Amino acid sequence: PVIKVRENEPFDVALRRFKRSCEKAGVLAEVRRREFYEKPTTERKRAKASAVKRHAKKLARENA
Amino acid sequence: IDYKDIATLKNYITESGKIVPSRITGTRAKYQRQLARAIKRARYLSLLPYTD
Amino acid sequence: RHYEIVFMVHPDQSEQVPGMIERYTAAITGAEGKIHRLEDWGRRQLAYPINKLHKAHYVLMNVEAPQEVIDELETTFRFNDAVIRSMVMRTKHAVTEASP
Amino acid sequence: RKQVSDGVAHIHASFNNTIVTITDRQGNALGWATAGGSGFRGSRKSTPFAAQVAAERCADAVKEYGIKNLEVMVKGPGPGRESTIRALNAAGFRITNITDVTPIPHXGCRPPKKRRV
Amino acid sequence: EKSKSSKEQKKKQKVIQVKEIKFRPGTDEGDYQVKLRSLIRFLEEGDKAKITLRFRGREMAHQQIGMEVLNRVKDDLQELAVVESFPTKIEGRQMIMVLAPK
Amino acid sequence: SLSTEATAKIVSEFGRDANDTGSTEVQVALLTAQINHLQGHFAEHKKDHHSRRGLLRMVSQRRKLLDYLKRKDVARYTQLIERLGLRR
RNA sequence: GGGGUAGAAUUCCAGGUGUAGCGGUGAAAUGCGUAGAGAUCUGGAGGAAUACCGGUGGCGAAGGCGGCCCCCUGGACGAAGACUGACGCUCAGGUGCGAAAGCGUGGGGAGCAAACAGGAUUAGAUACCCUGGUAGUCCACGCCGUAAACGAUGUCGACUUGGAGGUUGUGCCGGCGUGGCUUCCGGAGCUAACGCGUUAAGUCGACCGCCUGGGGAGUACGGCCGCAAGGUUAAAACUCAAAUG
Ligand SMILES: NC(=O)OC[C@@H](O)C[C@H](NC(=O)[C@H]1NCCC[C@H]1O)C(=O)N[C@@H](Cc1c[nH]cn1)C(=O)N[C@H](C(=O)O)[C@H](O)c1c[nH]c(Cl)n1
Ligand SMILES: [K+]
Ligand SMILES: [K+]
Ligand SMILES: [K+]
Ligand SMILES: [K+]
Ligand SMILES: [K+]
Ligand SMILES: [K+]
Ligand SMILES: [Mg+2]
Ligand SMILES: [Mg+2]
Ligand SMILES: [Mg+2]
Ligand SMILES: [Mg+2]
Ligand SMILES: [Mg+2]
Ligand SMILES: [Mg+2]
Ligand SMILES: [Mg+2]
Ligand SMILES: [Mg+2]
Ligand SMILES: [Mg+2]
Ligand SMILES: [Mg+2]
Ligand SMILES: [Mg+2]
Ligand SMILES: [Mg+2]
């Protein structure tokens, strides 16, 4: 997230662009997941439950 | 897909230099795999960047 | 069996590149060398620094050769202190058409 | 002393603490100030306000160098990411750019075990 | 980094805390030995040991059986501790014996 | 695997024709060729257990084909194993 | 399977700049720092792992397998044919493979971390929390042979309404088919029920493994295997009138 303040821009507008650049790039989410060690079984289990949730919401979006 | 075709590859990397998901770009799975190989080969040769 | 060799030379040693490109092709064409493509890309800007260098002299070669002579060529690139990086690839077919 | 036209504000924003350090463009330290050294102690350090104060004291340390331009280099997930730079701009430096320089391993080393709390 | 390197040696002055072990009248031998080994560990390391004995319900009738347990710990830790204060009456529903390191 | 030329040699040698790829002689000759070829591979690569499973399948398929040829025609069997240099 | 190599990051070392904190928690303290830390910048060293891509995506008999490149190598699948001519299915014993921990010998050791040391917490705290930290985690070779090694579902073959997806071939003219693998739902049927449902737990056939109340016990004894840790095979007395889904 590299944000050069462009020719004549306010700070508050420029700060919104910087925070959004970080939000999209995925830096705070990335640091937090790398804070503590997650063993592969936990990783895989987490990934399965997300996949179940995502898919089950589509079947709740359907049938309605 | 070609590792030398920097123009096309640059459409499927972010500003930081990270490969974009196929759900976003709408790429087919087979080509997404070729794309990822190409980008990593381009990264090795310093045609594309890893980071920053 | 259809290779694709990129190698990047130290940008100060762009004058050596003439002599080296001869040696490599001469060795390949020694043993049924089929130089399908040869493109001096020139001194390009690197996307990141390699050995405190922000430029290097790129070269491309698509060749068909023995699988021994390419391994013997790979041995030379290691010894060549000028040449900084190289990727030898395997292609399924010959590539004659031009790259950007 | 020397005058410096343009500086760099390195903001080491950890979860527990904020370190603000103004350097030259070549990363030579001019002055530094922390939330822990700003009369905040313990978990008082880990607020946006304590970072804001640390920024101000850092600005006050590098008044003598006569800096008007700073490039920001924020690092970490700390609560005082945005509060530092806001307070740096309030000191009256023109913030030319903002960069995120948070180290991400491309895999890297195995992290410590999860806290069971 | 100056005054701390003096105050470290001032901090080394050991701070004797009181360690509370609570007995009952019913406490069995095996469990008494655990609690005794706990008390030994404290008094070995130069820590004071508050020794409560809690009564429940109609155990307040038979107080002397509680006193036997408190008497026994004193006897077992006779040469490893001195009795700073021995209880007399049941304050609340407890009798507290504070021991001290020798 | 064997090369297309290596295959085409064996089919001509051990077959009744170049079209005859099916015959037990060809099959056993092909299996033998590859089994013998892979002995060098597994000499160097001792820990390649995943590939070795493929080798054991070749040996098991050869055995079964030879046993079939024995009870079908001993003359063809006896000729084949002496040509290829198989013990049994 | 083998070899090479790239970038990021942690740690450490050497310097420069700089100055009083750093680190940590629920709150602290231990710890680190004026012999100059933390921070920041330049360079170097070393080990381990490969962000994004990444997907109820793929591959593999199972265990498992994730940077990129080459070398060696196993399997699967599709299209048309051509060929062999029942050569098949299953498999007690046997043989091999088999996560992690562990064991032997020799290397290696960044990060992490059983044990352990100190700091806390507490009624106690042989813990959870904090600061350190050894084996180990890594490599070679040999050993061990077990896991909720799970789909808690043996292998092979045939048959029996549907719907919506994913992945990977292929023919024909985005459309219309047709193969392989795979996810979710659901019909008959089945099931104690939950559920399963063409990838069956349906309807059948072949062969193997296994069960016969709970605890005692996967224990004892004996055999076999192991350097050891232990593994494997595997009871009974006795006691209960339950245990269980
Ligand atoms: N010591 C004793 O014999 O009894 C006292 C015990 O019951 C205290 C109680 N402890 C807990 O729950 C544990 N949860 C696991 C992490 C450690 C610890 O925290 C507790 O209430 N803690 C507080 C912090 C504390 C410790 N001593 C006095 N206060 C606490 O914040 N607990 C949190 C919770 O209950 O959700 C949580 O466990 C937590 C966050 N951070 C920490 Cl440390 N613990
Ligand atoms: K070189
Ligand atoms: K048999
Ligand atoms: K260690
Ligand atoms: K029911
Ligand atoms: K035994
Ligand atoms: K019984
Ligand atoms: Mg597989
Ligand atoms: Mg598994
Ligand atoms: Mg079978
Ligand atoms: Mg292991
Ligand atoms: Mg060892
Ligand atoms: Mg540690
Ligand atoms: Mg710990
Ligand atoms: Mg078992
Ligand atoms: Mg089972
Ligand atoms: Mg169903
Ligand atoms: Mg049933
Ligand atoms: Mg046993």
Side-chain angles (χ1 to χ4, degrees), chain A residues 26 30 34 37 47-48 50-52 54-56 59 62, chain B residues 12-14 16-23 29-30 32-33 35-37 39-41 43-44 50-51, chain C residues 3 48 67 70-71 74 78 85-90, chain D residues 8 10 12 14 16-17 19-21 23-24 26-32 34 36-37 42-43 61 73 103-113 115-117, chain E residues 1-2 4 19-22 34-35 38 50 52, chain F residues 1 11 15 17 19-24 26-27 38 40-42 44-57 64-65 67-69 71-72:
Chain A
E30 191 67 16
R34 294 171 171 291
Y37 174 77
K48 197 221 73 169
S50 60
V52 163
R54 286 197 316 258
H55 172 77
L59 305 187
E62 271 53 71
Chain B
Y12 301 101
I13 69 180
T14 60
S16 52
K18 290 172 61 174
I19 304 163
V20 184
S22 56
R23 57 156 292 174
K30 183 166 62 177
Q32 182 61 50
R33 289 198 301 286
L35 180 66
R37 290 170 199 126
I39 290 164
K40 292 165 203 193
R41 290 199 210 79
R43 281 171 183 174
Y44 172 76
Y50 285 94
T51 183
Chain C
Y3 290 83
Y48 55 82
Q67 47 267 27
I70 300 295
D71 296 7
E74 284 173 5
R78 182 175 295 290
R85 192 162 294 178
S86 52
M87 187 192 284
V88 176
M89 283 185 70
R90 272 281 308 296
Chain D
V8 181
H10 304 270
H12 191 105
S14 65
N16 285 341
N17 198 5
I19 307 173
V20 190
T21 296
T23 61
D24 205 345
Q26 299 91 54
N28 294 258
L30 306 179
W32 65 263
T34 64
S43 62
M73 303 288 150
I104 305 304
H106 295 170
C109 293
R110 183 188 178 104
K113 67 191 180 169
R115 303 180 70 244
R116 278 159 277 131
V117 281
Chain E
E1 204 284 308
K2 274 290 163 283
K4 180 53 177 176
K19 302 297 294 184
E20 195 168 11
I21 294 289
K22 308 208 193 180
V34 169
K35 289 180 173 175
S38 307
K50 182 186 168 186
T52 313
Chain F
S1 302
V11 169
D17 206 348
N19 298 301
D20 173 44
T21 53
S23 60
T24 312
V26 167
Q27 290 201 49
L38 290 178
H41 169 80
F42 292 110
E44 186 173 358
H45 303 309
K46 290 165 286 293
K47 293 287 163 189
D48 184 4
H49 302 317
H50 284 70
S51 295
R52 192 173 274 112
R53 214 181 85 101
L55 177 59
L56 299 191
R57 175 167 161 183
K64 285 169 171 190
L65 284 166
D67 292 6
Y68 167 73
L69 187 58
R71 64 193 169 70
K72 182 51 54 166

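Letters A, B, ... are given to chains in the order of the sequence lines, protein chains preceding strands, and every chain is numbered from 1. Values below: all heavy atoms of this structure, side chains included; hydrogens, waters and symmetry mates excluded.
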Can you tell me if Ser23(F) and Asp20(F) form a side-chain donor-acceptor pair at under 3.5 Å?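 There is such a pair between these side chains.
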With [N] and [M], is there a Watson-Crick or G-U wobble pair, both distances less than 3.5 Å?
N: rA14(G); M: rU42(G); answer: yes
N: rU160(G); M: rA201(G); answer: no
N: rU50(G); M: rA6(G); answer: yes
N: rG44(G); M: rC12(G); answer: yes

With no hydrogens and no angle check, is any side-chain donor or acceptor of [X] less than 3.5 Å from a backbone partner on [Y]?
X: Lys50(E); Y: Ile21(E); result: no
X: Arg34(A); Y: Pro111(D); result: no
X: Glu20(E); Y: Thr52(E); result: no
X: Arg52(F); Y: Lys46(F); result: yes
X: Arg85(C); Y: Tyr44(B); result: yes

Categorize [X] for me: base, sugar-phosphate, or nothing, with a 4.0 angstrom heavy-atom threshold over every strand shown.
X: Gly42(D); answer: base
X: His12(D); answer: sugar-phosphate
X: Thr52(E); answer: nothing
X: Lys50(E); answer: nothing
X: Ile104(D); answer: sugar-phosphate
X: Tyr12(B); answer: nothing
X: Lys48(A); answer: nothing
X: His49(F); answer: sugar-phosphate
X: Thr23(D); answer: sugar-phosphate

Using a cut-off of 4.0 Å between protein heavy atoms and nucleotide atoms, how would you tag [range] 5' to 3' with B, S and -?
range: nucleotides 127-144 of chain G; answer: -SSS-----------S--
range: nucleotides 74-79 of chain G; answer: SSS---
range: nucleotides 152-157 of chain G; answer: ------

Taking a pair to mean Watson-Crick or G-U wobble geometry with both distances below 3.5 Å, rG74(G) pairs with none
Output the single nucleotide from [options] whose closest atom is nearest the side chain of [X].
X: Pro112(D); options: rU5(G), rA113(G), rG169(G); value: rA113(G)
X: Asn17(D); options: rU168(G), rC22(G), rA8(G); value: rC22(G)
X: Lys4(E); options: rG33(G), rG38(G), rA9(G); value: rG33(G)
X: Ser14(D); options: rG55(G), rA35(G), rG23(G); value: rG23(G)
X: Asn19(F); options: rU56(G), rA82(G), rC69(G); value: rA82(G)
X: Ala29(B); options: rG54(G), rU168(G), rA6(G); value: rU168(G)
X: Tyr50(B); options: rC53(G), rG7(G), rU168(G); value: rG7(G)

For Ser51(F), all residues meeting side-chain contact (heavy atoms from CB on, under 4.5 Å), sequence neighbours excluded: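 Expected list: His41(F), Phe42(F), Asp48(F).
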Listing time: all N or O pairs from protein to nucleotides 84-86 of chain G that are below 3.5 Å?
residue : atom : partner  : partner atom : Å
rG85(G) : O3'  : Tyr68(F) : OH           : 3.4
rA86(G) : OP1  : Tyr68(F) : OH           : 2.5
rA86(G) : OP1  : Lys72(F) : NZ           : 3.3

If you assign each of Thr51(B) and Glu1(E) to its closest nucleotide in RNA chain G, which residue comes earlier from the 5' end?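 Looking at RNA chain G, the more 5' nearest nucleotide goes with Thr51(B).
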Sorted by chain and residue number, the side chain to side chain donor-acceptor pair (under 3.5 Å) partners of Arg41(B) (sequence neighbours excluded) come out as none
Rounded distance in Å between the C1' positions of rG175(G) and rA148(G): 50 Å
When you measure only distances, ignoring hydrogens and angles, does the side chain of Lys19(E) come within 3.5 Å of the base of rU122(G) through a donor and an acceptor? yes
Base orientation of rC159(G), chi within 90° of 0 counted as syn, else anti, reads anti
To the nearest Å, how far apart are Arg43(B) CZ and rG67(G) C1'?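 So the two atoms are 9 Å apart, to the nearest Å.
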